[PDB]
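Here the structure is laid out as structure tokens; the discussion comes afterwards.
Both counts, for ligands and for their atoms, begin at 1 and track the order of listing. We count residues from 1, following the sequence as given.
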Amino acid sequence: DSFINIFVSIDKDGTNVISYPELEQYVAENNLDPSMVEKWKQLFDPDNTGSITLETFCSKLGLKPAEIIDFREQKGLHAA
Ligand SMILES: [Ca+2]
């Protein structure tokens with residue numbers, strides 16, 4: 001899946017802030033390497049703010065927030 005998709009999957013409450021527990025739950029539930037947590041923090045929370053915003057995620061990856069929002073609206077609709 002795309003980074004757009006994975007962001008929406010991790011951010012299960014839709015706040016457009018990935019909390020560290022959200023990230024950690026995704027890693028464990030998908031049997032990923034726990035080092036993944038540190039990599040996301042380093043790439044997407046470089047200033048160590050304590051969470052990962054949609055804004056910083058998008059700036060690092062060259063995405064716009066509008067792309068995650070579209071996907072979120074489509075996922076919701078599709079799911080229904
Ligand atoms: Ca969240």
_Test: ring pair (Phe, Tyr, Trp, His ring centres under 6.0 Å). Region: residues 61-80. Which pairs qualify, not counting sequence neighbours?_
none
*Is the closest basic N to carboxylate O distance between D11 and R72 below 4.0 Å?*
yes
*For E22 against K12, the heavy-atom pair lying closest together*: OE2-N, 3.6 Å
*Please name the pair of heavy atoms, one in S9 and one in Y26, separated by the smallest distance, quoted to 0.1 Å.*
OG-CE1, 3.6 Å
In a table with atom names and distances, give each donor-acceptor pair under 3.5 Å that connects a side chain of residues 53-63 to protein atoms at least two apart or in another chain.
residue	atom	partner	partner atom	Å
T53	OG1	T56	N	3.1
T53	OG1	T56	OG1	3.2
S59	OG	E55	O	3.0

*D70: what forms a side-chain hydrogen bond (donor to acceptor under 3.5 Å, both in side chains) with it, not counting sequence neighbours?*
none
*List-wise, which protein N, O or S atoms are found short of 3.0 Å from the Ca ion (ligand 1)?*
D11 OD1, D13 OD1, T15 OG1, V17 O, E22 OE1, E22 OE2
